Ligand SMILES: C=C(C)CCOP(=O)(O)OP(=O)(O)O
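Below sits a lone chain in C-alpha cells, taken as the form solved without this ligand.
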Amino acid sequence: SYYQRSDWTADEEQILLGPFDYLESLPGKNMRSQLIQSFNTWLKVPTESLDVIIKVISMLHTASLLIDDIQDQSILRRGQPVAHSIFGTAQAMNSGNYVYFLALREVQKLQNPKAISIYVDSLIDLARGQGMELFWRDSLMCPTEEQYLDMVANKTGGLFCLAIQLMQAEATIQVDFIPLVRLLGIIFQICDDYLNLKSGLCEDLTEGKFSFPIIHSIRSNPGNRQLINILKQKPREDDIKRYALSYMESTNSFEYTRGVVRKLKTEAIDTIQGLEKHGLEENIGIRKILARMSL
C-alpha cells in the first residue's frame, strides 16, 4: 500500500494550538467565570457538568478573540500584542476555528439531548450579531440605538446566553434566567464601549466601529459630519483621535451613556429582586458583578 495514515501527535497539536495557548497565557478579567459562579448560587449544577460547561465557555471565548481581533483589525489584546501579530493571520484564524470544533467535542461530554441545539442557536446569534455590526461599519451607515441594542443582544448574548442555558439545561430548577442575562450582556457592552473611549487610545475609532456613544454623537447633530467622516478614515493618529473625543463631549454623548447605563442597571436590580421574591436565595455575587461594570 502506497499510503499509510499516521496518528496525531502531541507536537502537531502544540503547533495548531500555539495562538490559542498564547492568548490563554495573558492575564485578563475573570468576567465569564464570575457570572457563571454567581448564577450557580441559583442553579447548582453538579460539579462534573459545571466543569464541562466552564471549559466549553473558556475555549469558545478565546477562539472568538482570535477571530474578532483579525476581523476588527486590532493591535493590542489584554495589553500584550494581538495573536495574529505574532503568528500571522492564517494560523491565528485557523487556531480559532479548530478550537470551535474542539469545544463541540467537549459539549458532547455532557451527554444531553438538548445540549447541541443550545450550542448551535447561541453561535448563530453570535455570528448574526457580529454580522450586522460589520455591515454597518463597511457601509458607513449609522444604525439607530434600537438597532444597535438588538445587535449587541445577539453578540454579547450568544456567549453569556450559552453559558446560562447550558447551566439551566443541566439543573433541576426551571426558572428562566436568560432575559436577565441578556440585559447583563447589553450593560456589559455599553460599558465596554464607554471605557474604550475614556480610560490603545480610542481603538474603536481606529476600527471604524459604530459604538453606542459614537451613535448618539453622530445622530445628535446630523448637520455636522466630522465624526462619521473620521470613522471612514480609520485613523491610527492620536490627534484625530483626540479631536473626536472632544467633539463627542460637546454633544453630551458620554453623559447620555452614563445615563442609559443607570436606567438599565435599575431594570436589572428589579429583575433580580422580582426573582428572589419568588423563592430564590438572595444573590450577593450578582449584585457585586453589577457594581463591577460601573462608570
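One-based numbering along the sequence shown.
Not pictured, yet referred to below: the form solved in complex with this ligand.
Heavy atoms within 4.5 Å of this ligand in the deposited complex belong, among the stretches 100-108, 129-137, 172-180, 187-195, to residues of 187-195.
This ligand is not drawn, but in the deposited complex it has no heavy atom within 4.5 Å of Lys265. A residue is said to contact a partner when one of its heavy atoms sits within 4.5 Å of a partner heavy atom; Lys234 fails this definition for this ligand in the deposited complex, lying far away.
Put simply, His61 is close to this ligand in the deposited complex: some heavy atom of it is within 4.5 Å. Interface residue remark: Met31 is counted as part of the site for this ligand in the deposited complex, having a heavy atom within 4.5 Å.
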